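Chains as they are written, first to last, in the deposited numbering: chain E, 6 to 28, 44 to 74; chain F, 1 to 103, 126 to 149, 161 to 247, 252 to 362, 372 to 380; chain A, 1 to 437; chain B, 1 to 428. Where is the CB? At the ideal position from N, CA and C, for every residue including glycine.
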Amino acid sequence: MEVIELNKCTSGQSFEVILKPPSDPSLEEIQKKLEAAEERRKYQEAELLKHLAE
Amino acid sequence: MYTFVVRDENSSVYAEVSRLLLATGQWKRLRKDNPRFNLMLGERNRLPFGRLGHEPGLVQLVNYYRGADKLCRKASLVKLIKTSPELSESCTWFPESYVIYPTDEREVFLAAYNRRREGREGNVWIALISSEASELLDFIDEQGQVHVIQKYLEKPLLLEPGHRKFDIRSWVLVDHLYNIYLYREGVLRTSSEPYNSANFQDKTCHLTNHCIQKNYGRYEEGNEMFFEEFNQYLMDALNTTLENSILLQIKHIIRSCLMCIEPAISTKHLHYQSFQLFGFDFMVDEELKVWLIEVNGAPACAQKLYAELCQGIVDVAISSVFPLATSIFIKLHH
Amino acid sequence: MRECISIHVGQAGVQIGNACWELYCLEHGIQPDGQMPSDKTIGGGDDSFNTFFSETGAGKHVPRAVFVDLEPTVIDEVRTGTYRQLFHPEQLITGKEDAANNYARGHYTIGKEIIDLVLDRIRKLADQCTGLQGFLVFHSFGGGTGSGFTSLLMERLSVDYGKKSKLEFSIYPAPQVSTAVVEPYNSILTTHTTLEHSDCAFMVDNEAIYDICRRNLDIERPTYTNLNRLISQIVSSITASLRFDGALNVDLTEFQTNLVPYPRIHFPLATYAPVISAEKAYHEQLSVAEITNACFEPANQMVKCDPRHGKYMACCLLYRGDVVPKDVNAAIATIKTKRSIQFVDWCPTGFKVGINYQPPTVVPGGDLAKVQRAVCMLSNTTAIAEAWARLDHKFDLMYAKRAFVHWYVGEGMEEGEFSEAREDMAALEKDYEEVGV
Amino acid sequence: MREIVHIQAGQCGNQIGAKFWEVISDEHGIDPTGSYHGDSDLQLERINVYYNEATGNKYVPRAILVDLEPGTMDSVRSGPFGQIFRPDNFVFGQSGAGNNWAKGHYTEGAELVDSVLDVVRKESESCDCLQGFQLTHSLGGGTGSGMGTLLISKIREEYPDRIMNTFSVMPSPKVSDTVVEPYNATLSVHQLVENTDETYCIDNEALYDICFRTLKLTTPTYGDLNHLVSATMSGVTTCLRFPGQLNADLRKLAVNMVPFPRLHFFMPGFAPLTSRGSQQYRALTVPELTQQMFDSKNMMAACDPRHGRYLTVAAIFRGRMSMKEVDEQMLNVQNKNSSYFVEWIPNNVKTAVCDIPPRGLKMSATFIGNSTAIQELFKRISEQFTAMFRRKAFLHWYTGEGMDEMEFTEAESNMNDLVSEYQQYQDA
Ligand SMILES: Nc1nc2c(ncn2[C@@H]2O[C@H](COP(=O)(O)OP(=O)(O)OP(=O)(O)O)[C@@H](O)[C@H]2O)c(=O)[nH]1
Ligand SMILES: Nc1nc2c(ncn2[C@@H]2O[C@H](COP(=O)(O)OP(=O)(O)O)[C@@H](O)[C@H]2O)c(=O)[nH]1
Ligand SMILES: CN[C@H]1CCc2cc(OC)c(OC)c(OC)c2-c2ccc(OC)c(=O)cc21
Ligand SMILES: [Ca+2]
Ligand SMILES: [Mg+2]
Ligand SMILES: [Mg+2]
């Protein structure tokens with residue numbers, strides 16, 4: 006009902022129409053969890069090569 | 001071969017619907033959590049409407065309308081009638097009702135109560162039935178629930194012989210296309226103990242409920262008067278028919294209520310479709326005026342009428358969407 | 001003027017990137033070689049388009065885009081395609097072995113070996129920027145690269161560019177469109193890890209786009225090209241305000257302000273009208289009223305859900321073509337009386353309208369017909385949580401039996417991350433329900 | 001993620017293996033000499049997956065031919081497409097394995113394994129990006145069974161991150177060479193459970209039954225059985241060999257087909273079933289292919305899918321057809337048989353389409369099923385095993401090679417474990 010903040014130009018126009026009023045981890049912390057996953061992979065591969073050696 | 005799932009086994013109506021579908025030999029029942037169904041006979045609470053209509057190669061249908069609880073909860077119904085311009089606000093067929101919260127519109131409830139005090143007349147209300166406001170305004174805090182104070186119908190229609198009170202239950206089916214089908218057979222849930230207006234404290238004559246009063254079976258089987266017998270009574274005792282004096286108002290109330298919520302609940306352009314069976318509860322006064330009391334989302338049918346209604350639900354709500362390899375309903379045209 | 005960098009991760013992000021940058025070039029009048037004849041300031045400028053394009057001495061207009069995939073074959077089609085000259089070879093980064101539909105493989109295993117290289121090529125574009133405002137990130141929820149590598153990148157971009165805004169264009173998985181079976185897992189894991197790093201995310205359900213292509217474009221089996229050309233139209237509508245003169249959504253910060261009052265609930269629903277087949281012989285051109293009314297039909301949304309059973313927090317209308325404020329306000333007034341539009345008590349019931357007079361540009365020989373007027377509505381409704389509920393249920397079914405989990409654990413990921421991701425999603429679903437009812 | 005190294009071990013492995021290279025060389029337009037003579041560019045676009053490009057221009061199969069006996073490989077070399085294979089890739093002993101797993105795995109085969117692995121390394125180094133290995137072999141004999149599994153173990157040591165893929169032919173009393181086949185098979189299954197990502201269970205019983213009941217051949221030879229194997233092998237490798245809608249590799253297949261690491265034994269299927277030489281006149285409609293490929297009569301593993309539940313399903317349609325009709329029919333099978341597909345893996349059936357049809361058919365369908373019904377195959381082998389083992393019968397052939405009774409007990413236990421593991425997901 007109320008048309009506010011009307012702004013016009015050559016390209017177009019913009020406005021607001023109101024009907025009713027109202028009633044991060046560190047660089048080291050990232051590299052730590054990535055290397056913790058790399059070591060878990062390396063342990064699983066070591067357990068595999070141990071099994072294959074047996 | 002169409003497929004269905006059952007997710008409410010406490011449902012008397014849809015237990016009969018399920019077995020009727022299986023007996024055709026063209027429907028197969030799946031386990032609760034199987035997503036690959038055509039039809040869902042769903043649960044009463046927390047129904048997962050967000051999971052429907054996302055199975056490719058399956059037309060999916062549910063026996064509940066999402067948002068229909070807004071008509072089916074006592075607190076919600078009052079808010080709907082008061083706010084919606086279709087029904088607002090001095091509604092001729094709905095008793096004066098006020099939403100009451102325990103720790126709200128109870129400051130404006132007292133203003134109309136004082137009009138009933140200054141103008142010396144009847145001032146009886148229902149919640161259990163109260164005599165005065167302050168005597169049961171702490172009763173909502175006693176139970177700790179959000180309940181409605183509604184105007185009590187002091188002068189109701191009385192059946193003879195017996196001097197009795199009654200409510201009418203009508204069963205209404207809204208299909209996927211939003212056709213409003215009223216089932217031709219209704220039931221009068223009758224009181225057996227004669228109505229007393231001098232003191233309102235006894236349970237038998239005042240409360241109209243089937244489960245509470247179980252006097253029982255004196256005038257008819259299980260306090261249940263059917264439509265042919267009640268029409269016959271009106272012809273003899275009042276020189277009028279059921280369709281003229283009562284049923285036209287019933288048809289008006291049903292259609293007015295469901296046309297109001299149509300934009301909010303309709304599944305016309307949706308990826309899944311809905312039907313629903315409703316239970317409309319009516320009250321008739323001395324001047325033959327029909328009043329709405331309650332709308333039921335999950336209604337239970339009368340014992341005599343199960344076979345016919347459940348076949349009717351299969352006929353026009355299920356078989357219309359999923360066709361197989372006179373009508374018992376009155377279509378309410380809008 | 002403030003520049004914007006677009007990041008395209010995995011197959012979905014790359015091919016959608018192709019579709020968008022093709023469309024931008026047609027819109028701004030930039031040729032396949034990168035020449036823009038309408039541009040008069042040779043080799044530089046601070047115009048509205050310069051937000052997305054930079055300039056070289058030879059008058060070449062190059063996208064502020066980085067393409068990243070863990071496998072060569074898709075970006076190799078960008079390297080040899082019709083827009084090969086448009087991009088710098090350093091902008092197009094490819095690995096050797098893909099993430100095999102595995103989040104953990106994309107995030108942890110192959111993620112680690114490429115993350116530092118990608119951030120260097122991002123820094124090389126950021127050093128060309130006089131005033132960086134942030135990033136527009138394109139990916140799938142479903143793929144291993146799209147889920148895994150994106151969430152790692154989004155973590156690192158928060159570290160290196162803390163003052164900068166990050167927007168997502170995310171492809172939500174659909175069984176209809178070539179879906180891997182473990183895609184619910186990948187979707188949940190990437191949503192959890194990205195949720196605090198993303199300012200505003202636009203979800204695009206492949207199911208919705210597939211059906212719009214069937215229903216409105218008359219294509220019986222839509223290909224990726226069919227889907228992406230439609231997606232790029234929606235993306236173009238959303239980004240137009242950054243690329244053109246205007247006063248609504250002029251920077252990435254304004255997307256947060258106008259659309260996201262609650263930081264976690266940062267998934268606006270997009271609805272687009274009209275989608276008209278180019279093969280359609282006789283078409284009655286639709287009015288302002290008709291296209292705005294079509295913004296409230298579920299069949300037009302980017303995600304299939306029911307806004308009537310939910311609450312709005314914000315609503316933007318973005319028009320392209322022959323549209324004037326008078327017609328918009330008349331349309332809104334008619335729609336408000338007939339449709340179920342409920343806002344939250346702590347928000348004004350209202351619409352922020354932006355009009356661009358240039359009608360939407362369609363790719364020559366495409367599937368979309370030329371229209372006189374078009375609209376994209378962006379509304380932050382709680383109804384979109386339906387998509388989370390659908391996805392969480394699928395996650396729950398598989399995880400209860402620990403199905404496929406071993407593939408993730410075998411890449412170094414602990415099992416506890418699955419349940420940590422699911423708890424966050426259970427919290428997110430509860431946030432939506434608090435606001436919504 | 002392009003190159004696959006192919007290995008064929010023993011009599012059965014080399015006979016089915018030669019037929020595989022015969023069929024896919026015809027599909028890729030490569031003559032018996034090695035030169036390309038086709039009409040489409042689609043035949044050459046992903047030819048590097050199975051072939052090495054030698055300057056000529058000629059195409060040499062990335063295939064290694066292994067046996068402890070020189071017999072079969074001389075028949076392969078003098079066979080139809082025999083002169084296409086790199087002569088250095090022919091690695092053979094002289095003594096044979098005498099249908100003895102122990103000879104293949106521990107004694108005779110151990111002597112020859114290193115020479116094979118040198119040829120494998122020579123092929124692996126030429127690969128721009130090696131995705132994995134595929135083995136063709138029987139489980140019933142000595143070389144393919146014993147040495148084949150020894151090879152798998154040693155390849156996994158040198159290439160622990162690569163995908164191991166097998167086409168493993170299962171023994172049957174119906175098509176039986178020796179009584180010791182259940183011993184050799186049980187020992188081999190133990191190894192396959194541990195050391196492979198994907199195993200195509202090709203039951204000889206099922207191949208016989210198809211040849212007898214459906215193909216109407218009174219006395220089928222191994223050649224009739226091998227026609228069905230190569231046609232299935234062509235079908236399962238279609239997405240690796242041709243450019244299509246999807247970038248498809250062996251790892252992505254493994255991730256999506258195998259929900260639990262041990263349960264990676266697949267039922268292969270083919271539609272329509274054809275006898276060799278006999279021309280297919282009537283074209284099948286899309287509903288007919290879909291009905292036939294899911295039919296138990298078309299399965300290459302003699303298990304009834306109705307006795308189990310499908311964990312995952314892969315389907316490959318070949319030929320010029322409506323992809324909408326394919327999508328509709330595939331959804332129709334699932335929605336009308338939904339109990340037979342596990343509800344706890346959503347959308348577990350995936351479908352691909354390739355435009356190029358196989359030789360002599362206008363449209364075909366290849367089925368890959370990870371069903372819990374495969375336990376029937378393993379139970380059968382276990383029953384035959386226990387019948388002999390309870391009396392320690394024929395065991396001296398193995399104990400004479402160094403083996404102890406304990407290793408037989410351990411193999412019996414591991415296979416009975418796999419059976420009960422399949423049963424775990426058939427009910428719950
Ligand atoms: N709309 C659209 N969706 C796509 C496109 N490509 C893939 N998808 C979807 O994205 C999901 C798979 O993710 P991809 O992006 O293919 O995987 P990826 O990011 O390359 O990761 P990898 O697993 O390493 O291949 C599926 O749900 C597909 O339907 C595309 O071009 N357009
Ligand atoms: N399908 C098929 N099975 C075979 C073939 N040759 C042998 N077999 C089966 O393989 C088993 C014997 O293995 P074989 O490969 O001859 O022994 P190896 O040479 O020591 O590996 C028996 O179970 C036979 O039924 C063949 O050409 N095709
Ligand atoms: C559409 N996504 C595919 C990727 C993996 C895949 C590879 C493949 O070639 C080796 C193949 O043909 C045998 C496939 O089957 C069509 C798949 C495929 C595999 C199975 C699926 O599990 C049900 C899946 O989710 C994804 C696909
Ligand atoms: Ca300029
Ligand atoms: Mg990829
Ligand atoms: Mg032999």
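For residue j and residue i, the rounded distance between their alpha carbons
i                 : j                 : result
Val255 of chain B : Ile350 of chain F : 46 Å
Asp249 of chain B : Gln131 of chain B : 8 Å
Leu329 of chain F : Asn10 of chain F  : 26 Å
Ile4 of chain B   : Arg402 of chain A : 31 Å
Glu279 of chain A : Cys213 of chain A : 13 Å
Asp392 of chain A : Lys166 of chain A : 25 Å
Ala174 of chain A : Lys350 of chain B : 12 Å
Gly148 of chain A : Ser287 of chain A : 44 Å
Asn212 of chain F : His379 of chain F : 8 Å
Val116 of chain B : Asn14 of chain B  : 15 Å
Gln291 of chain B : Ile202 of chain B : 21 Å
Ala362 of chain F : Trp27 of chain F  : 12 Å
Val74 of chain A  : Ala65 of chain A  : 16 Å
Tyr312 of chain A : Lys336 of chain A : 13 Å
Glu165 of chain F : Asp322 of chain F : 22 Å
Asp197 of chain B : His264 of chain B : 6 Å
Ligand 1 heavy atom lying under 7 Å from the CB of residue i
i                 : result
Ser140 of chain A : yes
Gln15 of chain A  : yes
Neighbour-count burial assignment, residue i, 16 or more Cβ in a 10 Å radius
i                 : result
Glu155 of chain A : buried
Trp346 of chain A : exposed
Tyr183 of chain B : buried
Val68 of chain A  : buried
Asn45 of chain F  : exposed
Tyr281 of chain B : exposed
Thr334 of chain A : exposed
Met272 of chain F : exposed
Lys216 of chain B : exposed
Check: residue i C-beta below 7 Å from any heavy atom of ligand 2
i                 : result
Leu151 of chain B : no
Bridge-paired residues (DSSP) for residue i
i                 : result
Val179 of chain F : In the DSSP output, where bridge partners are listed per residue, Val179 of chain F has none listed.
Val353 of chain B : B:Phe317
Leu221 of chain F : F:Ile201, F:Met262
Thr199 of chain B : B:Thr166, B:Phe265
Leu361 of chain F : Per DSSP, none; premise fails for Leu361 of chain F.
Cβ-heavy atom distance, residue i to ligand 6, below 7 Å
i                 : result
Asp427 of chain B : no
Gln94 of chain B  : no
Any non-hydrogen atom of ligand 5 closer than 7 Å to residue i Cβ
i                : result
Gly10 of chain A : yes
heavy atom of ligand 4 below 7 Å from residue i C-beta
i                : result
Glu55 of chain A : yes
Only counting runs of 4 or more residues, tell me where the alpha helix (DSSP H) segments fall wholly within the region 369-415 of chain B, in order along the chain.
375-389, 396-399
Counting only runs that start and end within the region 374-434 of chain A, where is the alpha helix (DSSP H) found for 4 or more residues in a row?
385-399, 405-409
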